[PDB]
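Chemist: can't give you the sequence, but here's the structure:
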Ligand code: HEM
Ligand SMILES: CSc1ccc(C(=O)O)cc1
Ligand SMILES: [Cl-]
């Protein structure tokens, strides 16, 4: 009853161009079985949305990667938020919500925006730049570690550590196994910066530790919640901003609309998140036998959600393969949906908005002028190198 496919969604060929195989996965049926990894797959918007919004049946505490924590030991202590179910999830989630809340966004917005404007002014002096290293990476590195409260020394560990985290959600392929082989120094640095004395006053990390006396979290939970932000909040934004720049470079008509109304910056970024989906795939594990899209899934089965595919499903979106900065993007699953929906989404949107605003006001054209190189990761989509010429407005 369930179609069985041999598509490997963690293969280099799939990463290089996932869109045809994602259509094959959607069109095969609402629920597929992936024989390569012995998991169920859902690639349509409807089933991805349903799975995300039934956390009792499709749990996270057995891992959101391929590995089932009931069968294998996790590669690092489980996240207290991502890898927890209600009720254990609820209070750590509330703490991170308040740490990354509107009031916090108000305190950091002016500095984030000034840093975005400054970076674009600097890039315009060079003209020809790499929109990954020099923009998508450089900008978040200039604001997020400081907003966390991290010291200057050792920040070179942050991107490798986060890359490791996202490779580790994948199956035990060469990408995952090489990442884990190289992890020790990055884990050591990251774990150390999570301790209270190492986080500067007023930053996100200090705020997490300050919440350890309200009865929501205890002091011993705070380091792992700082670890969550370092794991989840840097390389995702890098790829989101890189995706937005790539879209503007490939769809010049939309750059022109954005220049004509810079208030479209926030939605231009949201549309880039839908269109490229930096976080491509995530898993759940069934806690009972369940009927989903007409199929019967047994207990203890891994279910792979194709977030990027759901964000391009023509059953849900008109012209899903077009980048449209005025699209009604509400409901896309690029940040998830339901109780785990990205707790850092306001930080991501602030960074993307102020960078796209700076581009909208300062740049007249973005022209690819060199070889584009993709970066391969088991669950993140994004580029390694994006040579562009920026023409000033
Ligand atoms: C464009 C940038 C980002 C994207 C595409 C993204 C994507 C996602 C997605 C899809 C989830 C849901 C995971 C699931 O349902 O299992 C999530 C959760 C989460 N995100 Fe983000 N994220 C981004 C930025 C950030 C930032 C900036 C932070 C922190 C500053 C952050 C921290 C987290 C955390 C801690 C969770 C777990 C929330 C929970 O389990 O309740 N993310 N993110
Ligand atoms: C959705 S990506 C991500 C989210 C949370 C964590 C974490 O809690 O460590 C890591 C990655
Ligand atoms: Cl770790």
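Modeler: That came through, no problem. Numbers count the residues shown, from 1 in each chain. Ligands and ions are numbered 1, 2, ... in the order given.
Chemist: list the helices and strands the longest helix belonging to the chain packs on?
Modeler: Determined from DSSP state H, the single longest helix within the chain is helix 102-126. On a contact count with 3 or more C-beta pairs under 8 Å, 6 or more residues apart in numbering; DSSP states H and E, helix 102-126 meets helix 138-148, helix 345-362, strand 387-392. No exception for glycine: its C-beta is placed from N, CA and C like everyone else's.
Chemist: helix or strand right after it?
Modeler: Sequence order places strand 128-130 as the next helix or strand after helix 102-126, per DSSP states H and E.
Chemist: what are the pairing partners of that following strand, and which direction each?
Modeler: Strand pairing for strand 128-130, using DSSP bridges, gives strand 387-392 (antiparallel).
Chemist: and the strand it pairs with, which residues are buried?
Modeler: 387-388, 390 (16 or more other C-beta atoms under 10 Å).
Chemist: surely residue 95 and residue 211 touch.
Modeler: Yes - between residue 95 and residue 211 there is a contact under C-beta atoms under 8 Å: 4.8 Å.
Chemist: overlap in contacts of the two?
Modeler: Residues touching both residue 95 and residue 211 (C-beta atoms under 8 Å, 6 or more residues apart in numbering): residue 217.
Chemist: which residues does the residue of the chain found nearest ligand 1 contact?
Modeler: Closest residue of the chain to ligand 1, C-beta to the nearest ligand atom: residue 344 (2.2 Å). Residues in contact with residue 344, defined by C-beta under 8 Å, 6+ apart, are 96, 100, 229, 232-233.
Chemist: for this protein, just list every one of the strands.
Modeler: All strands of the chain, identified by DSSP state E, fall at 4-5, 32-34, 39-42, 58-59, 128-130, 281-286, 290-292, 295-297, 302-306, 363-368, 373-375, 382-385, 387-392.
Chemist: what is the second one packed up against?
Modeler: It refers to strand 32-34. strand 4-5, strand 39-42.
Chemist: list the contacts of it.
Modeler: With C-beta under 8 Å, 6+ apart, strand 32-34 has contacts from 2-5, 7-9, 25, 39-43, 304.
Chemist: single out the most deeply packed of the helices and strands packed on strand 32-34.
Modeler: Of all these, strand 39-42 carries the top mean neighbour count, a mean of 24, counting by mean count of other C-beta atoms under 10 Å.
Chemist: greatest separation within the contacts of strand 32-34: which pair is it?
Modeler: 2 and 8 (17.8 Å; C-beta to C-beta).
Chemist: excluding its backbone neighbours, what's nearest residue 76?
Modeler: residue 187 (6.9 Å; C-beta to C-beta, 6 or more residues apart in numbering).
Chemist: again with residue 94
Modeler: Spatially, and ignoring its direct neighbours in sequence, residue 94 is nearest to residue 216 (6.0 Å; C-beta to C-beta, 6+ apart).
Chemist: within range of ligand 1, give me the residues from this protein.
Modeler: 60, 64, 81-82, 93, 96, 100, 228-229, 232-233, 236-237, 240, 273, 278-279, 282, 334-336, 340, 342-344, 347-348 (C-beta under 6 Å from any ligand atom).
Chemist: again, 5 Å this time
Modeler: Within reach of ligand 1 by C-beta under 5 Å from any ligand atom, the chain has these residues: 64, 81-82, 93, 228-229, 232-233, 236-237, 240, 278-279, 282, 335-336, 340, 342-344, 347-348.
Chemist: show me these that map onto helices.
Modeler: Counting by DSSP H, the residues of the chain next to ligand 1 place 93, 228-229, 232, 236-237, 240, 347-348 in helices.
Chemist: farthest pair in these?
Modeler: That would be 93 and 240, which, of those, are the farthest apart (C-beta to C-beta) at 21.6 Å.
Chemist: between the two, which one's more packed in?
Modeler: Neighbours per residue, other C-beta atoms under 10 Å: of residue 93 and residue 240, the larger number sits with residue 240, 28 against 20.
Chemist: with adjacent residues omitted, what lies nearest to that one?
Modeler: That would be residue 278: by C-beta to C-beta, 6+ apart, it lies 5.2 Å from residue 240.
Chemist: so how far is residue 377 from the one you found?
Modeler: Noted for residue 278: a distance of 10 Å to residue 377, by C-beta to C-beta, to the nearest Å.
Chemist: ok, residue 28 touching residue 4?
Modeler: No - judged on C-beta under 8 Å, residue 28 makes no contact with residue 4 at a distance of 9.1 Å.
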